[PDB]
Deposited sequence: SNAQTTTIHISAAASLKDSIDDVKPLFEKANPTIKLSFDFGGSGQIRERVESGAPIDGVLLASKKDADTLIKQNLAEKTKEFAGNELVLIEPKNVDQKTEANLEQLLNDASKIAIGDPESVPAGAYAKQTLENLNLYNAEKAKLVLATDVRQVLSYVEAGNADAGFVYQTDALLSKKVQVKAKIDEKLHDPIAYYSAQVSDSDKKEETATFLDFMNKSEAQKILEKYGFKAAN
């Protein structure tokens, strides 16, 4: 018979998973997928609260290590990478000058969103955090940061390179140097309390196979280092 498993993936994987799901369910007619997308840190809190999730897809090695240490997750596996960029709504201005003219700079919540955590490490390592400290607006996930800059409600925003590629309404004004922050790597894990570990193991391994790896490449994502 059919079996439904629920995966909690990061918000930055919303559009690439849209194409992975039909290819997986075709190759596995007995496993059906249910996805919820949001900030990885908030996905971490729900697993730590007893949420009935089978597997998770997180954009932070820190959030994955946290679930492993509490024996809430198991079998971690990096499957993708990404880069951080500064986007503005649609002059040879530098990053500091872009943040000077900006009145609202949208970043993910550094306490529950990796994209906001990577963006904070960039500003700290550039000696720019305290300068733009009072102008930051925290969001629920990186896709919310994209929605604010798209609508013009925010002057600048920090999103992933894959997020800016999917938007005609914004444009990249600065590519954050990858050394200015911890490596952006996506990880897959299995919630230990899941009753469907066999079925969830099929999908989590499917992400590291050739079919899912090419979807990430064509969507701008990077590979596991």
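- Stretches of the deposited sequence lacking C-alpha coordinates, numbered from 1: 1-3, 94-98.
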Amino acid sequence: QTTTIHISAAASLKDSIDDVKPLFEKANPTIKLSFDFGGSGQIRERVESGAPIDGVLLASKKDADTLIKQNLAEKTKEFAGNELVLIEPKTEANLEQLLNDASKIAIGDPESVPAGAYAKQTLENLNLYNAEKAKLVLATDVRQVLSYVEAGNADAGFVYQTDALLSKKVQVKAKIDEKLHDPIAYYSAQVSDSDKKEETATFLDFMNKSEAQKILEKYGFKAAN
From here on, numbers count along this sequence of modelled residues.
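- Looking at the C-alpha B-factors along this chain, the one for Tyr118 belongs to the lowest third.
- In the PDB entry, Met207 places in the highest third of its chain by CA B-factor.
- Among all modelled residues in its chain, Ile17 ranks in the middle third by Cα B-factor.
- The entry lists a Cα temperature factor for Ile176 that places it in the middle third of the chain's modelled residues.
- For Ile31, the recorded CA B-factor ranks within the highest third of the chain. Only modelled residues enter the ranking.
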